[PDB]
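Chemist: Contents of my_file_10.cif (mmCIF, C-alpha atoms and all ligand atoms) are given next:
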data_query
#
loop_
_atom_site.label_atom_id
_atom_site.label_comp_id
_atom_site.auth_asym_id
_atom_site.auth_seq_id
_atom_site.Cartn_x
_atom_site.Cartn_y
_atom_site.Cartn_z
CA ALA A 3 -37.62 11.44 19.64
CA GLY A 4 -37.41 11.57 15.87
CA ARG A 5 -38.81 13.14 12.72
CA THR A 6 -42.61 12.88 12.41
CA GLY A 7 -43.26 15.05 9.36
CA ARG A 8 -42.53 14.42 5.74
CA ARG A 9 -38.90 13.49 5.07
CA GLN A 10 -36.87 14.96 2.23
CA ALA A 11 -34.53 12.82 0.19
CA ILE A 12 -30.81 13.67 0.07
CA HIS A 13 -29.08 13.81 -3.32
CA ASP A 14 -25.32 13.55 -2.43
CA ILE A 15 -25.08 13.51 1.39
CA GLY B 1 -40.78 -30.74 5.54
CA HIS B 2 -42.81 -27.58 6.03
CA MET B 3 -44.85 -28.23 2.86
CA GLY B 4 -46.51 -31.46 1.82
CA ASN B 5 -46.22 -32.89 -1.69
CA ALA B 6 -49.12 -30.91 -3.17
CA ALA B 7 -48.09 -27.60 -1.63
CA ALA B 8 -44.47 -27.95 -2.71
CA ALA B 9 -45.41 -28.71 -6.33
CA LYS B 10 -47.88 -25.81 -6.42
CA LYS B 11 -45.20 -23.44 -5.10
CA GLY B 12 -42.59 -24.58 -7.60
CA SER B 13 -44.97 -24.28 -10.56
CA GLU B 14 -45.81 -20.79 -9.22
CA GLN B 15 -42.15 -19.87 -9.17
CA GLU B 16 -41.64 -21.09 -12.76
CA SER B 17 -44.61 -19.02 -13.84
CA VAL B 18 -42.98 -15.97 -12.22
CA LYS B 19 -39.88 -16.56 -14.35
CA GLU B 20 -42.02 -16.78 -17.48
CA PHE B 21 -43.78 -13.54 -16.57
CA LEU B 22 -40.55 -11.69 -15.87
CA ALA B 23 -38.99 -12.83 -19.11
CA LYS B 24 -41.91 -11.38 -21.09
CA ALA B 25 -41.86 -8.22 -18.98
CA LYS B 26 -38.17 -7.70 -19.77
CA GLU B 27 -38.82 -8.04 -23.49
CA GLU B 28 -41.59 -5.44 -23.25
CA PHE B 29 -39.49 -3.08 -21.12
CA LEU B 30 -36.48 -3.20 -23.40
CA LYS B 31 -38.57 -2.30 -26.44
CA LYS B 32 -39.65 0.88 -24.67
CA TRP B 33 -36.27 1.56 -23.04
CA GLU B 34 -34.50 1.67 -26.39
CA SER B 35 -37.24 3.89 -27.93
CA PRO B 36 -38.22 6.53 -25.39
CA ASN B 39 -42.57 16.13 -25.97
CA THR B 40 -46.09 14.66 -25.91
CA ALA B 41 -47.82 17.88 -24.64
CA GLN B 42 -47.28 21.51 -23.59
CA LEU B 43 -48.00 23.61 -20.54
CA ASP B 44 -50.92 25.62 -21.86
CA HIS B 45 -52.85 22.38 -22.48
CA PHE B 46 -53.56 22.19 -18.74
CA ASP B 47 -55.22 24.25 -16.03
CA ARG B 48 -53.29 24.21 -12.76
CA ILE B 49 -55.51 23.44 -9.79
CA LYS B 50 -53.61 22.77 -6.56
CA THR B 51 -50.19 21.76 -5.25
CA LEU B 52 -50.24 18.15 -4.04
CA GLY B 53 -46.67 17.90 -2.72
CA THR B 54 -43.41 19.83 -2.72
CA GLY B 55 -39.73 18.85 -2.63
CA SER B 56 -36.31 20.40 -3.10
CA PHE B 57 -36.22 20.71 -6.92
CA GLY B 58 -39.96 21.21 -7.49
CA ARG B 59 -43.60 20.35 -6.90
CA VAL B 60 -46.43 18.08 -7.98
CA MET B 61 -49.65 19.80 -8.95
CA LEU B 62 -53.13 18.60 -9.71
CA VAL B 63 -53.84 19.76 -13.27
CA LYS B 64 -56.83 19.48 -15.58
CA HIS B 65 -56.35 18.86 -19.29
CA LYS B 66 -58.28 21.56 -21.10
CA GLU B 67 -59.50 19.53 -24.08
CA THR B 68 -60.48 16.25 -22.37
CA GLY B 69 -61.15 17.45 -18.82
CA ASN B 70 -59.06 14.61 -17.44
CA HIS B 71 -57.17 15.27 -14.25
CA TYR B 72 -53.49 14.46 -13.87
CA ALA B 73 -50.62 14.92 -11.43
CA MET B 74 -47.92 17.11 -12.98
CA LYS B 75 -44.38 17.05 -11.57
CA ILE B 76 -42.59 20.36 -12.30
CA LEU B 77 -38.80 20.54 -11.93
CA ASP B 78 -37.04 23.90 -12.07
CA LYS B 79 -34.21 23.33 -14.54
CA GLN B 80 -31.89 25.70 -12.73
CA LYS B 81 -32.62 24.16 -9.33
CA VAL B 82 -31.55 20.86 -10.89
CA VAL B 83 -28.03 22.28 -10.42
CA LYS B 84 -25.99 19.46 -8.81
CA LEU B 85 -24.50 16.82 -11.12
CA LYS B 86 -26.28 13.82 -9.67
CA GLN B 87 -29.53 15.86 -9.67
CA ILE B 88 -29.37 16.17 -13.54
CA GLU B 89 -28.65 12.46 -14.29
CA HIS B 90 -31.32 11.48 -11.79
CA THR B 91 -33.98 13.49 -13.63
CA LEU B 92 -33.12 11.74 -16.90
CA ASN B 93 -33.26 8.32 -15.16
CA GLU B 94 -36.68 9.15 -13.77
CA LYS B 95 -38.30 10.03 -17.10
CA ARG B 96 -36.74 7.20 -19.07
CA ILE B 97 -37.68 4.56 -16.49
CA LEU B 98 -41.23 5.77 -16.04
CA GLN B 99 -41.88 5.79 -19.77
CA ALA B 100 -40.68 2.18 -20.08
CA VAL B 101 -42.14 0.29 -17.07
CA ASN B 102 -45.60 -1.27 -16.80
CA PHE B 103 -46.80 -2.83 -13.55
CA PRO B 104 -50.10 -2.57 -11.62
CA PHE B 105 -48.51 -0.79 -8.64
CA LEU B 106 -46.36 1.72 -10.54
CA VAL B 107 -47.77 5.10 -11.48
CA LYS B 108 -48.37 5.63 -15.19
CA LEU B 109 -46.70 8.47 -17.06
CA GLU B 110 -48.93 10.10 -19.67
CA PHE B 111 -46.94 13.07 -21.01
CA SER B 112 -43.58 14.74 -20.62
CA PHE B 113 -42.26 18.05 -21.97
CA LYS B 114 -39.94 20.95 -21.15
CA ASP B 115 -39.82 24.71 -21.66
CA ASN B 116 -37.32 27.50 -21.05
CA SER B 117 -37.47 27.10 -17.27
CA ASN B 118 -38.88 23.72 -16.25
CA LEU B 119 -39.18 20.01 -16.96
CA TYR B 120 -42.63 18.45 -16.71
CA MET B 121 -43.88 14.86 -16.22
CA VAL B 122 -47.65 14.37 -16.29
CA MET B 123 -48.88 11.23 -14.55
CA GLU B 124 -52.12 9.57 -13.55
CA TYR B 125 -53.77 11.36 -10.64
CA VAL B 126 -54.28 9.00 -7.68
CA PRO B 127 -56.84 10.75 -5.43
CA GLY B 128 -56.64 8.58 -2.32
CA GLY B 129 -53.61 10.38 -0.91
CA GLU B 130 -50.22 9.30 0.43
CA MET B 131 -49.86 6.30 2.70
CA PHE B 132 -47.88 8.74 4.87
CA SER B 133 -50.83 10.84 5.96
CA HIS B 134 -53.17 7.86 6.52
CA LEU B 135 -50.46 6.22 8.66
CA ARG B 136 -49.73 9.35 10.68
CA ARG B 137 -53.47 9.91 11.23
CA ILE B 138 -54.27 6.36 12.45
CA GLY B 139 -50.93 5.80 14.22
CA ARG B 140 -50.05 2.35 12.96
CA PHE B 141 -51.51 -0.35 10.72
CA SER B 142 -52.36 -3.78 12.05
CA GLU B 143 -50.13 -6.59 10.78
CA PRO B 144 -52.64 -7.87 8.14
CA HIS B 145 -53.05 -4.32 6.81
CA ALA B 146 -49.30 -3.70 6.71
CA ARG B 147 -48.80 -7.08 5.05
CA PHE B 148 -51.25 -6.27 2.24
CA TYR B 149 -49.22 -3.16 1.35
CA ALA B 150 -45.88 -4.93 1.88
CA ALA B 151 -46.87 -7.68 -0.55
CA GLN B 152 -47.40 -5.13 -3.29
CA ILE B 153 -43.96 -3.64 -2.67
CA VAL B 154 -42.34 -7.11 -2.76
CA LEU B 155 -43.94 -7.82 -6.16
CA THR B 156 -43.01 -4.35 -7.46
CA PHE B 157 -39.37 -4.77 -6.43
CA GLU B 158 -39.29 -8.26 -7.90
CA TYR B 159 -40.44 -6.67 -11.17
CA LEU B 160 -38.08 -3.68 -11.03
CA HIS B 161 -35.03 -5.69 -9.99
CA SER B 162 -35.62 -8.23 -12.80
CA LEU B 163 -35.17 -5.27 -15.18
CA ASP B 164 -31.94 -4.28 -13.35
CA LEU B 165 -33.71 -1.24 -11.88
CA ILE B 166 -33.09 -0.12 -8.30
CA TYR B 167 -35.76 2.14 -6.76
CA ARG B 168 -33.79 3.82 -3.92
CA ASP B 169 -36.52 5.94 -2.28
CA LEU B 170 -39.05 3.66 -0.62
CA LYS B 171 -41.06 5.46 2.09
CA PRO B 172 -44.75 6.11 2.89
CA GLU B 173 -44.55 9.59 1.32
CA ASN B 174 -43.96 7.95 -2.09
CA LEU B 175 -46.84 5.44 -1.90
CA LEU B 176 -50.30 6.58 -2.99
CA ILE B 177 -53.53 4.71 -2.26
CA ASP B 178 -55.76 4.26 -5.31
CA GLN B 179 -59.53 3.99 -5.56
CA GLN B 180 -59.46 0.21 -4.86
CA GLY B 181 -57.14 0.61 -1.85
CA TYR B 182 -54.04 -0.63 -3.66
CA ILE B 183 -50.67 1.09 -3.80
CA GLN B 184 -49.20 3.23 -6.55
CA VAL B 185 -45.47 3.88 -6.26
CA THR B 186 -44.54 7.38 -7.34
CA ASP B 187 -41.36 9.32 -7.48
CA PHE B 188 -38.76 7.62 -9.56
CA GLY B 189 -36.29 10.44 -9.03
CA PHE B 190 -33.61 8.10 -7.67
CA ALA B 191 -34.43 5.01 -9.66
CA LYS B 192 -31.60 3.73 -11.82
CA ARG B 193 -30.65 0.91 -14.14
CA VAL B 194 -27.69 -0.81 -12.43
CA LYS B 195 -26.25 -4.07 -13.73
CA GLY B 196 -24.16 -4.66 -10.64
CA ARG B 197 -23.11 -1.95 -8.18
CA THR B 198 -23.60 1.81 -8.03
CA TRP B 199 -22.05 4.49 -5.84
CA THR B 200 -24.25 7.61 -5.48
CA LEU B 201 -24.98 8.64 -1.90
CA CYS B 202 -28.73 9.27 -2.19
CA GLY B 203 -32.06 8.39 -0.60
CA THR B 204 -33.94 9.40 2.53
CA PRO B 205 -31.99 9.15 5.83
CA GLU B 206 -34.35 6.88 7.81
CA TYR B 207 -34.51 4.40 4.88
CA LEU B 208 -30.82 4.23 3.91
CA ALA B 209 -29.07 0.89 4.08
CA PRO B 210 -25.80 0.84 6.04
CA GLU B 211 -23.71 0.28 2.91
CA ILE B 212 -25.00 3.57 1.41
CA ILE B 213 -24.08 5.52 4.56
CA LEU B 214 -20.66 3.82 4.63
CA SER B 215 -19.81 4.99 1.07
CA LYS B 216 -19.61 1.43 -0.18
CA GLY B 217 -20.66 0.46 -3.68
CA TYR B 218 -24.07 -1.14 -3.34
CA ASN B 219 -26.71 -3.06 -5.22
CA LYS B 220 -30.46 -3.80 -5.27
CA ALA B 221 -30.25 -5.16 -1.71
CA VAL B 222 -30.63 -1.56 -0.48
CA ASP B 223 -34.26 -1.76 -1.61
CA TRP B 224 -34.82 -4.91 0.52
CA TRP B 225 -33.34 -3.12 3.53
CA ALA B 226 -35.73 -0.25 2.83
CA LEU B 227 -38.65 -2.66 2.70
CA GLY B 228 -37.71 -3.72 6.24
CA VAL B 229 -37.81 -0.07 7.34
CA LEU B 230 -41.18 0.40 5.63
CA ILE B 231 -42.81 -2.69 7.16
CA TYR B 232 -41.49 -1.70 10.60
CA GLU B 233 -42.84 1.84 10.21
CA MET B 234 -46.24 0.66 8.96
CA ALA B 235 -46.61 -1.79 11.86
CA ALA B 236 -45.11 0.39 14.62
CA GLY B 237 -46.07 3.90 13.43
CA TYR B 238 -42.43 5.08 13.49
CA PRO B 239 -39.31 3.78 11.75
CA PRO B 240 -36.63 1.63 13.43
CA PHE B 241 -33.80 4.20 13.28
CA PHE B 242 -35.44 7.35 14.63
CA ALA B 243 -33.62 10.55 15.66
CA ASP B 244 -33.99 14.26 15.13
CA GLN B 245 -30.91 14.81 12.93
CA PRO B 246 -29.58 12.80 9.96
CA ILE B 247 -26.16 12.17 11.52
CA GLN B 248 -27.78 10.51 14.56
CA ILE B 249 -30.00 8.42 12.28
CA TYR B 250 -26.93 7.21 10.37
CA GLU B 251 -25.14 6.15 13.57
CA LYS B 252 -28.20 4.07 14.57
CA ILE B 253 -28.44 2.40 11.15
CA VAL B 254 -24.80 1.32 11.08
CA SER B 255 -24.85 -0.01 14.65
CA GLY B 256 -26.99 -2.94 13.52
CA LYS B 257 -29.24 -2.74 16.60
CA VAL B 258 -33.02 -2.83 16.23
CA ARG B 259 -35.62 -2.98 19.00
CA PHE B 260 -39.23 -3.95 18.32
CA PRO B 261 -42.55 -2.98 19.91
CA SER B 262 -43.92 -5.63 22.24
CA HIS B 263 -46.98 -5.99 19.99
CA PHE B 264 -44.96 -7.19 16.99
CA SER B 265 -45.54 -10.86 16.32
CA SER B 266 -42.53 -13.16 16.38
CA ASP B 267 -43.02 -13.90 12.67
CA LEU B 268 -42.81 -10.20 11.92
CA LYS B 269 -39.68 -9.75 14.06
CA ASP B 270 -37.99 -12.66 12.31
CA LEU B 271 -38.75 -11.20 8.86
CA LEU B 272 -37.50 -7.78 9.95
CA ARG B 273 -34.28 -9.15 11.46
CA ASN B 274 -33.54 -10.75 8.11
CA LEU B 275 -34.33 -7.62 6.05
CA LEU B 276 -32.64 -5.14 8.45
CA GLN B 277 -29.48 -7.24 8.24
CA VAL B 278 -26.25 -5.29 7.97
CA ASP B 279 -24.34 -8.35 6.68
CA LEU B 280 -25.04 -8.58 2.96
CA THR B 281 -24.23 -12.28 2.92
CA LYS B 282 -27.24 -12.77 5.21
CA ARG B 283 -29.84 -10.23 4.05
CA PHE B 284 -33.07 -11.58 2.65
CA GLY B 285 -33.54 -10.69 -0.96
CA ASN B 286 -29.76 -10.95 -1.43
CA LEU B 287 -29.25 -14.70 -1.07
CA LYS B 288 -29.21 -17.72 -3.37
CA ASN B 289 -33.03 -17.96 -3.25
CA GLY B 290 -33.53 -14.25 -4.01
CA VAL B 291 -37.03 -12.83 -3.50
CA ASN B 292 -38.36 -16.26 -2.59
CA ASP B 293 -36.84 -16.07 0.87
CA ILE B 294 -39.19 -13.14 1.46
CA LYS B 295 -42.25 -14.47 -0.38
CA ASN B 296 -41.99 -17.84 1.41
CA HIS B 297 -41.44 -16.38 4.88
CA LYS B 298 -43.97 -17.34 7.58
CA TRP B 299 -45.18 -13.77 7.93
CA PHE B 300 -46.44 -13.95 4.36
CA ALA B 301 -47.92 -17.44 4.67
CA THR B 302 -51.49 -16.10 4.22
CA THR B 303 -50.52 -14.01 1.17
CA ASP B 304 -51.86 -15.16 -2.21
CA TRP B 305 -49.15 -13.57 -4.36
CA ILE B 306 -50.96 -14.07 -7.65
CA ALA B 307 -54.22 -12.74 -6.19
CA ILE B 308 -52.45 -9.60 -5.00
CA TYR B 309 -50.97 -9.07 -8.47
CA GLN B 310 -54.33 -9.64 -10.06
CA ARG B 311 -55.90 -7.22 -7.54
CA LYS B 312 -58.39 -9.92 -6.37
CA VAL B 313 -57.78 -9.34 -2.64
CA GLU B 314 -60.13 -7.11 -0.68
CA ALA B 315 -58.20 -4.04 0.49
CA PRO B 316 -58.15 -3.08 4.17
CA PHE B 317 -59.03 0.53 3.50
CA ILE B 318 -60.77 2.33 0.61
CA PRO B 319 -60.19 6.12 0.52
CA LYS B 320 -63.24 8.37 0.43
CA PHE B 321 -63.70 9.70 -3.09
CA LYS B 322 -65.77 12.81 -3.58
CA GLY B 323 -65.45 13.00 -7.35
CA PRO B 324 -63.05 13.62 -10.18
CA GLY B 325 -60.39 16.10 -9.18
CA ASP B 326 -61.14 15.93 -5.48
CA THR B 327 -58.06 16.77 -3.37
CA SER B 328 -59.53 16.12 0.12
CA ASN B 329 -57.05 13.27 0.82
CA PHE B 330 -54.00 15.53 0.35
CA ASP B 331 -52.46 18.09 2.69
CA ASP B 332 -52.17 21.74 1.74
CA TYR B 333 -49.01 23.45 0.55
CA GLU B 334 -48.00 27.02 -0.20
CA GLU B 335 -48.89 27.88 -3.80
CA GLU B 336 -46.13 29.48 -5.91
CA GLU B 337 -46.16 30.98 -9.40
CA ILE B 338 -45.30 28.86 -12.40
CA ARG B 339 -42.93 31.44 -13.93
CA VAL B 340 -41.57 30.66 -17.42
CA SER B 341 -38.57 32.78 -18.41
CA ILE B 342 -38.16 34.50 -21.74
CA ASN B 343 -34.75 32.87 -22.10
CA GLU B 344 -33.99 29.17 -22.31
CA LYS B 345 -32.15 27.90 -19.25
CA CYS B 346 -29.86 24.86 -19.24
CA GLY B 347 -30.80 23.88 -22.78
CA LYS B 348 -27.69 21.78 -23.43
CA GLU B 349 -27.79 19.94 -20.08
CA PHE B 350 -31.34 18.59 -20.80
CA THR B 351 -31.28 17.83 -24.54
CA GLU B 352 -32.24 14.15 -24.03
CA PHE B 353 -35.29 14.95 -21.86
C1 LIG A 401 -48.59 13.47 -5.00
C2 LIG A 401 -49.41 13.06 -6.05
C3 LIG A 401 -48.87 12.31 -7.09
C4 LIG A 401 -47.50 12.02 -7.09
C5 LIG A 401 -46.70 12.41 -6.03
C6 LIG A 401 -47.24 13.14 -4.97
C7 LIG A 401 -46.38 13.60 -3.81
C8 LIG A 401 -45.06 14.29 -4.16
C9 LIG A 401 -44.05 13.81 -3.14
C10 LIG A 401 -44.49 12.39 -2.79
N1 LIG A 401 -45.99 12.40 -2.96
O1 LIG A 401 -46.91 11.32 -8.12
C11 LIG A 401 -47.76 11.14 -9.28
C12 LIG A 401 -49.21 10.83 -8.96
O2 LIG A 401 -49.74 11.82 -8.04
#
Translate this file's structure into structure tokens.
Ligand SMILES: c1cc2c(cc1[C@@H]1CCC[NH2+]1)OCCO2
Modeler:
Amino acid sequence: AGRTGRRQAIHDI
Amino acid sequence: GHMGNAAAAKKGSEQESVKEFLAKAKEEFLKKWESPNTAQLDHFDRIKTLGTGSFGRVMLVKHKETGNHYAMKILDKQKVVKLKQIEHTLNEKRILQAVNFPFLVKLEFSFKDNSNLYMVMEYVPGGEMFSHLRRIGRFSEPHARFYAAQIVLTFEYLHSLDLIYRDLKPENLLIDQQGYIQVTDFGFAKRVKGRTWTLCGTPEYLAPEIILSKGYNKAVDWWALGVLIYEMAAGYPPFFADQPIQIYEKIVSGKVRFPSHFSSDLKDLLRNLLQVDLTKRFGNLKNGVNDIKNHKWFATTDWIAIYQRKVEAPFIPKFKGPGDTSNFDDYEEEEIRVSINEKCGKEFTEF
């Protein structure tokens, strides 16, 4: 199981 | 050897020609990079939101005077609050104004007001690779390879200019009217002469060295290309979990499993891109990009023909007319509110 929708970038994580 | 006399000489001459091209491309880039408010908001009608992220949104707009359609990225100056968020927005504009390559989206205008920053780019109506991929499931290897080849050439171009891209994923790849790719979203792109240190990107696409808080270089983009090729050919990425922390643990483990339908040539390429050891990762070795371009999986690829856009694309998006948005998903529409008072004027002087 995993993320199937659009994925947001991370800025400092 | 693997190549006969004629093939080996053709490939070497090809590689020298690449060097000649990149040298001219650097000269052209630097002219623009050293010499970077070409419109204003009321010159456009806002039509529809095409995509939305943390700091803003991309809208289809129509230029009032010419009737041309464009994609307008709007960033809320206040929402660009975090330090690395600010610097990143300046990188994005400066890089996009200076680059020129057939698979990179073209910036047409940029401006700012009291509340927002704006970058107006060519509208690419065929939609994101992301939604085509999710709809069909997976691409066949020839189809994936056609898109991959364009990314390899684009990274070879960017990296020759000391630019790292840092956000490869299907969401950021648009399909144009000839079925070729346009890379969008330069929000994390940066000029880096050696290493850089910002922890940024999209979890599923992060190289292990980013996650491990190690200073890193352009090899993170080659790792990301491995993730992208895997996802295009499988329909899901190689490090796949519901929460970012679980994704990171999978990435650093250095374990990848492949669908049984992947060819052995594809698995070999992916093992060499998704390589945690930087002394072994393709794109990061003595031979550079040529280890990728000369790999067996790309043996059928005519690199120059791809660049010249001479290759028949696997898929042409349906085009209903200028300004059609049928190939994009819907998003909630929010007001474009411009405050009476300038916000963050000093922090964005150079934009
Ligand atoms: C849509 C249309 C675009 C665009 C970016 C998008 C969205 C935003 C998030 C990733 N895909 O960049 C400029 C061209 O048109």
Chemist: Could you list, as a count of residues only, the residues of chain B having an atom within 6 Å of chain A when counting all atoms listed in the file?
Modeler: 7
Chemist: For the atom pair atom CA of residue B:205 and atom CA of residue B:171, what is the interatomic distance in Å to one decimal place?
Modeler: 10.5 Å
Chemist: Pick from B:129, B:104, B:1, B:36: nearest to ligand LIG 401 (chain A), with only C-alpha atoms and all ligand atoms counted?
Modeler: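 Among the listed residues, B:129 lies closest to ligand LIG 401 (chain A).
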Chemist: Can you report as JSON the centre and edge lengths in Å, to one decimal, of an axis-aligned box around the listed atoms of ligand LIG 401 (chain A) padded with 6 Å on each side?
Modeler:
{"center_x": -46.9, "center_y": 12.6, "center_z": -6.0, "size_x": 17.7, "size_y": 15.5, "size_z": 18.5}
Chemist: Report, in Å with one decimal, the straight-line distance from atom CA of residue B:59 to atom CA of residue B:319.
Modeler: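 According to the coordinates, atom CA of residue B:59 and atom CA of residue B:319 are separated by 23.1 Å.
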Chemist: When you draw a straight line from atom CA of residue B:232 to atom CA of residue B:217, how long is it in Å?
Modeler: 25.3 Å
Chemist: Around ligand LIG 401 (chain A), out to 8 Å and counting all atoms listed in the file, which residues are there? I want them as a ChimeraX atom specification.
Modeler: /B:52-55,59-62,72-75,107,122-127,129-130,173-176,184-187,330
Chemist: Write out as a PyMOL selection string each polymer residue whose atoms come within 9 Å of residue B:142, counting all atoms listed in the file; drop sequence neighbours fewer than 6 positions from it.
Modeler: chain B and resi 234-236
